[PDB]
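To begin, one chain is listed below as structure tokens, in the form deposited in one PDB entry.
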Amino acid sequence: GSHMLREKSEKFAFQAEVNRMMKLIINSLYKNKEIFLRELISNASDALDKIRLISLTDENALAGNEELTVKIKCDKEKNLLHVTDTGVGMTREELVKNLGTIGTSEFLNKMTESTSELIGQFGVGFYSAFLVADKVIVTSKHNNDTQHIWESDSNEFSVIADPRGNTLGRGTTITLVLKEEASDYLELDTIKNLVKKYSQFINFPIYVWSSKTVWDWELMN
């Protein structure tokens, strides 16, 4: 089963529109970077709504994970920020299509001609992660596929089957390899303050892995 790596069938290029959207997002929000977290939490909330809706009609929708939560983890020694939800998750096909492609023109023009509000409205808050990260990694497990990993440094992206297997049960983990100057988002206090402000209106429970020295999930909303 070497055909896949010898052919680079896991490597993809972004759609032109997306490259343009990413720059726009990064160019205008440079003064309001913290916004990225709200957008990831916002996306997490939407995925949780979806599985919840699916659970209404499909009895075995929550089989892979009964809880509906958003958990945030700061890994200082590894320079990573993790935002995990137990929502509907994404299939390999969706990882490629939903994150790699995309009133696109009206927005491309609207953005050019505070955009923190529009970005959310247009459903492209995902890319704001690149304001604070050199690499964004999406690990996701959907009910209809095996766990896969999507990764990108913004110049291309690849998707692979997670060799770790189904560790999520169901859901998605957004992993940010934070830029050297975005180290402050590794600080609990900072994260907690941001999460507490951007979670106040999320209907699902959001936690932050914090210390009191023992560690444990701490409810934020």
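Definition used throughout: the rigid core is the maximal C-alpha set that superposes within 1.5 Å between two forms. The first residue of the shown sequence is 1; numbering continues from there.
Undergrad: Other compared entries: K78 unbuilt in at least a third?
TA: Across the compared entries, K78 is modelled every time.
Undergrad: Is it true that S128 has no coordinates in a third or more of the other entries in the comparison?
TA: No, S128 has coordinates in all the other entries compared.
Undergrad: So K212 and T213 are neighbours in the shown sequence, but is anything from the deposited sequence left out between them? Give the count as none, 1 to 3, 4 to 9, or 10 or more.
TA: Going from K212 to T213, the model skips 4 to 9 residues of the deposited sequence.
Undergrad: Quick check on the record: how many residues from the deposited sequence are absent from the model between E113 and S114 (none, 1 to 3, 4 to 9, 10 or more)?
TA: Some 4 to 9 residues are missing between them.
Undergrad: Comparing 183 to 191 with 37 to 45, which stretch shows the greater average C-alpha B-factor in the deposited entry?
TA: Higher of the two, by average CA B-factor, is 183 to 191.
Undergrad: Mean C-alpha B factor from the entry: is it higher for 196 to 204 or for 10 to 18?
TA: According to the PDB entry, the answer is 196 to 204.
Undergrad: Considering only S154, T173, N27, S55, which residue's Cα atom bears the greatest B-factor as recorded?
TA: Within the set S154, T173, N27, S55, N27 shows the top C-alpha B-factor.
Undergrad: By the entry's C-alpha temperature factors, tell me which of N79, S105, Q147, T84 sits highest.
TA: Among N79, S105, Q147, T84, the highest C-alpha B-factor in the entry belongs to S105.
Undergrad: Among the modelled residues of its chain, does the C-alpha B-factor of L62 lie in the lowest, middle or highest third?
TA: Highest third.
Undergrad: Ranked by Cα temperature factor within the chain, is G125 in the lowest third, the middle third or the highest third?
TA: It falls in the bottom third of the chain.
Undergrad: Is the Cα B-factor recorded for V88 in the lowest, middle or highest third of its chain?
TA: It falls in the bottom third of the chain.
Undergrad: Sorting by Cα B-factor within the chain, modelled residues only, which third would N143 end up in: lowest, middle or highest?
TA: Middle third of the chain for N143's C-alpha B-factor.
Undergrad: What third of its chain, lowest, middle or highest, does the C-alpha temperature factor of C74 fall into?
TA: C74: CA B-factor falls in the middle third of its chain.
Omitted here: the form deposited in another entry. The next part is about that form.
Undergrad: Tell me, please, whether between the shown form and the other one the C-alpha of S28 is shifted by 2 Å or more, with the rigid core used for superposition.
TA: It does shift by 2 Å or more.
Undergrad: Superposing on the rigid core, does the Cα of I202 end up 2 Å or more away between the shown form and the other one?
TA: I202 C-alpha, core-superposed: shift of less than 2 Å.
Undergrad: Hey, does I119 budge by 2 Å or more at the Cα between the shown form and the other one once the core is superposed?
TA: The answer is yes, as the C-alpha of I119 shifts between the shown form and the other one by 2 Å or more after core alignment.
Undergrad: Since the Cα separation of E181 and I26 moves by 3 Å or more in the other entry, tell me which way: closer or farther than here.
TA: Farther is correct, given that in the other entry the C-alpha spacing of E181 to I26 is increased by at least 3 Å.
Undergrad: Between the shown chain and the other structure, the Cα gap of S42 to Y30 differs by 3 Å or more. Is it closer or farther in the other entry?
TA: The answer is closer, because the C-alphas of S42 and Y30 approach each other in the other entry by 3 Å or more.
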